[PDB]
Amino acid sequence: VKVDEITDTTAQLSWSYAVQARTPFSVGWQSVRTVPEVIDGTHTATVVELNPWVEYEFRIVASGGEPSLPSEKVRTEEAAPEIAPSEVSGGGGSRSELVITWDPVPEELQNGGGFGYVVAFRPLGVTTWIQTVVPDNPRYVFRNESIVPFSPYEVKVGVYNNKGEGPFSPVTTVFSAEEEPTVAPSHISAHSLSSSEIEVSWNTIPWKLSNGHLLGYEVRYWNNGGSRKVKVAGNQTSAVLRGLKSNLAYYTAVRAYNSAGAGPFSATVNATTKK
């Protein structure tokens, strides 16, 4: 059972015959296709439709007779990769960033050494791509002062390896990191509801296109003697602090946040629980 010729998708073996095969990635042995498709009681044949740059063992079977000892561990020849990555997306991040992401391409599908990704991006409605090389962290961050906050980018990710280039993902749309809120909620107030609950109210903060999506408001509170925080949805504009101690003052202040961070805190106000 010897392997002589060897390519990226074919191997030549010599020894009714069937061929099994085994790789790091296969689960044990499986049949493989051959030339000839059928092997008449012919003492060589051609294993085909193999994966490039993948280590192989082969055994031969006559029939349901007892299988052969495996061949020497051989690795197939390399080739350009042929599968683009999936779930290309991204967004989020610190000011002046653009964050791009994708699911990683399996090692069996990389087809060679020196594998990596090409990340291509441009502001929506621009002609010049910027394409750069990155693994195995399937995340790319572009940093530049000039990046306009929360702008759409066209983004595609491709693959390559030492033997050449592979497909690109389809073009999809990704927004750059947003600018953080710069201002604080006006006219915050606080009244006691009971000896255990304080309600805090504030006003809607101005919001710009560059601020992206308002994730919510963070309410911080504390006392004196013996600190915490409650987050609240973005439509919400009010909050009840529960589980408080009786007859005691709390202080509190709010700020809005988005994916890029929090704005200044409002004024610090105070109310006192009953009893």
# chains A, B, ... in the order shown; residues from 1 in each chain; ligands from 1

$ residues_around --residues "residue A:225" --least-positions-apart "2" --cutoff "10 Å" --atoms "only C-alpha atoms" --output "MDAnalysis selection string"
chainID A and resid 222:223 248

$ write_last_selection --atoms "C-alpha atoms" --output "JSON list (two decimals), in the first residue's frame"
[["chain", "number", "residue", "atom", "x", "y", "z"],
["A", 222, "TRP", "CA", -25.00, 56.13, 47.54],
["A", 223, "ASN", "CA", -25.36, 57.24, 51.14],
["A", 248, "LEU", "CA", -31.77, 57.87, 55.48]]

$ residues_around --residues "residue A:151" --least-positions-apart "4" --cutoff "9 Å" --atoms "only C-alpha atoms" --output "VMD selection string"
chain A and resid 123 to 124 147 174 to 178 210

$ select_by_dssp --residues "stretch 179-241 of chain A" --states "strand (DSSP E or B)" --output "PyMOL selection string"
chain A and resi 189-192+198-201+216-222+228-232+238-241

$ closest_residue --among "A:268, A:169, A:51, A:182" --to "residue A:118" --atoms "only C-alpha atoms"
A:169
